[PDB]
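This report concerns only the one structure given below.
Protein chains in written order, with the numbering used here: chain S, 715 to 1066; chain L, 364 to 709.
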């Protein structure tokens, strides 16, 4: 990797103490002295060099002269950004660092450098500087090894990630872990990366597989619990999203899973929903038939290739009878019915 | 409402022959809310700026907002300081309903920079006006651009939205309509925007309730369905919802194997797939894999089952095309819609 200072050369460069460029270049000690001079920054072409080189021998750089800058369009706003946005675009800096040495030059440039660096969503440093050719280049106030380095970098989020974060966040809170996941995998290194990713990752993987997610692998009463929880929220979570045709499947599963669970106990089996429906009466069932009814009104009603509109309610009304249904047959908890709410709350706040 | 948050700089109106940034910019884009945050120096020309503004032309005098806090002359040349000072100013009136211009010309250059910084970083726009006390009427009357016909050198340049766009692209390119939708939903107005959304929405809506997308509605009535369901199943596999495939495939075969014996011999004898498997010695060798997926209890799918979710897809795929001639002109619908969509977004 090498360091390229994609920095211009205004009135300040190169000159008791040196100029932002001199300092900028001198302090960061790079391997690419990118210089995009302008109409006035012609003159300084001559000495600017003599400065950069003559600072210290046996420390030789790349001094690449930039399309001269536009003696008129060097105080033009959007132009400044357009030129520079290109200038940055030129040397993409795949595996090197850009020294956006935007401390010196014409206002527009300075502003523009910043907006570039600050915008520029990747590893590229934006920088500032706080305030006889060979003659001056001898008595330079920072012409030694151990000098007061006034160079101080920006150290921002890049703001690229900002949108990324926000935009990925809104999905996690939107209940869309798949969305969130992808968002996140784009996101460049960040502490709470692992915890966001790893978390999202475990949630993702688990859901698809049809296992308990190995996060909500809580101390439940065997598979029947974990799975019974895992499903119970697979449908809930699901219903949260969109898949209003997922419900039917999930429910009709559980509607059975538990249906067979209770039947397995009361009147030990001793052998569809109509198998439930019939079994309900004769086999120590009465109150369960009321419960299991609407549940079994949806599954039969659901059944062509059309989709009713009262079903959009029947789904809802199905859920309460499926939530309520499970609470009875198994005594879970609202503390353990927040699995993902927690996940989201730990998650969201881990994002922040 | 169009409300420009303009600085109150020294070269205000009375800035030579032509009109002066503030008043200049203001006229050009005729705003309804002439937002002005005036600092210590510019505090003098507080009244004048009112005269010129209003005296620019009648039947177009907006309610101007004198900035709530006086600007301090310690933040004149103030670099980042003004950036903050700006940062808050913008935040004060988010007015996502309305739109804003950040007058490039304003006053101290730092405040300028900030005004830019504010605008670049992130609904409201801004453009400066390229170059050429107590005058009052003297200034206004003999104004060099003080007449309806004037040269509009106030020309502004034209990021986050772009980034969001691409962000939302990939989702469409991943075949995630909900995603794409979302990132669109928030997105602002654009030329393709309507269509990119409109279709997206119709496809989500179309996929939502058991019906067939507007586009996909081009075959007979049912054939639309028999097929318009399939691509459902195909879209499924795309985004790893393996769980959905089984019941789609299942519903698929039988919706067809039945709608195939409807005419090839009405028969009576829910009609389970086990029933169809009995009722065509040749057919009963092609729909074997679909009957292989017949045989869970809250349990998961072993590594192998994900294969079955595939051989069956080849079972149902070839099953679709065989019994109904459709052609790869159909089962590219979404392959195209991607390309239409993506082309569109461009």
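Just so it is clear, CB atoms sit at the ideal spot from N, CA and C, and this is done for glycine as well.
Looking at chain L, is there any beta carbon in it that lies within less than 7 Å of the beta carbon of residue 823(S)? So, not an interface residue.
Through-space distance from residue 405(L) to residue 741(S), alpha-carbon basis: Rounded to the nearest angstrom, the two C-alpha atoms are 40 Å apart.
Sorted by chain position, which residues of the same chain lie with C-beta nearer than 6 Å to residue 471(L)'s C-beta, five sequence neighbours on each side aside? Taking residue 471(L) as the centre and dropping the five residues before and after it, the same chain places the C-beta of 439 and 440 closer than 6 Å to its C-beta, in chain order.
Count the other CB atoms within 10 Å of the CB of residue 691(S); is the residue buried (16 or more) or exposed (fewer)? The requested residue 691(S) does not occur in the structure, where chain S is confined to residues 715 to 1066.
So, is the C-beta of residue 459(L) closer than 7 Å to a C-beta in chain S? With 7 Å as the cut-off, residue 459(L) does not count as an interface residue toward chain S.
Under 8 Å: do the stretch 964-972 of chain S and the stretch 650-658 of chain L share three or more Cβ pairs, one atom per stretch? Judged by Cβ distances under 8 Å, the stretch 964-972 of chain S makes no contact with the stretch 650-658 of chain L, as fewer than three pairs qualify.
Does the separation of the CB atoms of residue 708(L) and residue 566(L) fall below 7 Å? Result no, Cβ atoms of residue 708(L) and residue 566(L) do not sit closer than 7 Å.
Please list the residues of the stretch 1000-1033 of chain S that have a C-beta atom closer than 9 Å to any C-beta atom in chain L, keeping them in chain order. Residues passing the 9 Å Cβ filter: 1014, 1017, 1018, 1019, 1020, 1021, 1022, 1023, 1025 and 1026.
Excluding the 5 residues preceding and the 5 following residue 674(L) in the sequence, name in chain order all residues of the same chain whose CB lies nearer than 8 Å to its CB. Once the five neighbours on either side are set aside, the close Cβ partners of residue 674(L) are 652 and 655.
Can you give me the Cβ contacts of residue 644(L) inside the same chain, cut-off strictly under 7 Å, excluding the 5 residues immediately before and after it? Cβ-Cβ distances below 7 Å link residue 644(L) to nothing in the same chain once the five nearest sequence neighbours on each side are left out.
Consider the Cβ of residue 588(L): report whether some Cβ of chain S lies at a distance smaller than 7 Å. Using a Cβ-Cβ cut-off of 7 Å, residue 588(L) counts as an interface residue toward chain S, since at least one Cβ of chain S sits closer than that to its own.
I'd like to know whether the C-beta of residue 791(S) is nearer than 7 Å to at least one C-beta of chain L. Residue 791(S) belongs to the set of residues whose beta carbon lies under 7 Å from a beta carbon in chain L.
What three-state label does DSSP hand residue 399(L) in the structure shown? DSSP places residue 399(L) in strand when its eight states are reduced to three.
Does residue 523(L) get closer than 7 Å to chain S when you measure Cβ to Cβ? Residue 523(L) has a beta carbon lying within less than 7 Å of a beta carbon in chain S.
Ends of the beta strand (DSSP E) at residue 813(S)? In this chain, the beta strand (DSSP E) harbouring residue 813(S) covers 811-814.
Is the stretch 533-553 of chain L touching the stretch 409-424 of chain L, taking contact as three or more C-beta pairs under 8 Å? With the cut-off at 8 Å, the stretch 533-553 of chain L and the stretch 409-424 of chain L do not touch.
If we require 4 or more residues per run, which alpha helix (DSSP H) segments fall completely within the stretch 505-562 of chain L? Runs found: 523-537 and 540-549.
Could you give the DSSP three-state label for residue 370(L): helix, strand or coil? If DSSP states are grouped into helix, strand and coil, residue 370(L) belongs with the strands.
Chain S contact for residue 314(L) (CB, 7 Å cutoff): Residue 314(L) lies beyond the range of chain L shown here (364 to 709); nothing can be said about it.
Could you tell me which chain S residues have their CB closer than 7 Å to the CB of residue 467(L), listed as they occur along the chain? Those are 791, listed as they occur along chain S.
Give every residue of the same chain whose Cβ lies closer than 6 Å to the Cβ of residue 926(S), excluding the five residues on either side of it in the sequence, and list them in chain order. Correct list, in chain order: 940 and 944.
Cβ pair count under 8 Å reaching 3, the stretch 511-530 of chain L against the stretch 481-495 of chain L: Using a Cβ-Cβ distance cut-off of 8 Å, the stretch 511-530 of chain L and the stretch 481-495 of chain L are in contact, since at least three pairs of beta carbons, one from each stretch, lie closer than that value.
Under the three-state DSSP convention, the category residue 758(S) falls into: Helix, per DSSP.
Within 8 Å, do at least three Cβ pairs link the stretch 1018-1031 of chain S to the stretch 848-855 of chain S? In the pairwise beta carbon analysis, the stretch 848-855 of chain S is classified as not touching the stretch 1018-1031 of chain S: fewer than three pairs are separated by under 8 Å.
For the stretch 479-490 of chain L, enumerate the residues whose C-beta is nearer than 7 Å to any C-beta of chain S, in chain order. Those would be 479, 480, 483 and 484, in chain order.
Interface residues of chain L facing residue 753(S) [CB-CB closer than 8 Å]: Within 8 Å Cβ-Cβ: nothing; residue 753(S) doesn't reach chain L, min ~17 Å.
Would you decide whether residue 979(S) is buried or exposed? Buried here means 16 or more other CB atoms lie within 10 Å of its CB. So residue 979(S) counts as exposed.
Where residue 605(L) and residue 484(L) are concerned, what is the direct C-alpha to C-alpha distance, given to the nearest angstrom? The alpha-carbon atoms of residue 605(L) and residue 484(L) are separated by roughly 41 Å.
Kindly indicate the opening and closing residues of the alpha helix (DSSP H) around residue 483(L). Residue 483(L) -> alpha helix (DSSP H) spans 472-484.
Since residue 367(L) contacts residue 486(L) with CB under 8 Å, what's their CB separation in whole angstroms? Not a contact, Cβ separation roughly 13 Å.
Do you know whose CA, among 823(S), 973(S) and 962(S), lies nearest residue 990(S)'s CA? Sorting 823(S), 973(S) and 962(S) by C-alpha distance to the C-alpha of residue 990(S) places 973(S) at the top.
In angstroms, rounded to a whole number, what distance separates the CA positions of residue 705(L) and residue 536(L)? Using only the alpha carbons, I get a separation of about 7 Å.
How long is the line joining the alpha carbons of residue 914(S) and residue 637(L), rounded to whole angstroms? The alpha-carbon atoms of residue 914(S) and residue 637(L) are separated by roughly 40 Å.
Check each residue of the stretch 539-563 of chain L: if its Cβ is closer than 9 Å to any Cβ of chain S, include it; give the result in chain order. So the list reads 539, 541, 542, 545, 546 and 549, given in the order they occur along the chain.
Is the CB-CB distance between residue 726(S) and residue 734(S) below 7 Å? For residue 726(S) and residue 734(S), yes; Cβs fall inside 7 Å.
Taking the straight line between their C-alpha atoms, what separation do you get for residue 750(S) and residue 427(L)? Distance between the alpha carbons of residue 750(S) and residue 427(L): 43 Å.
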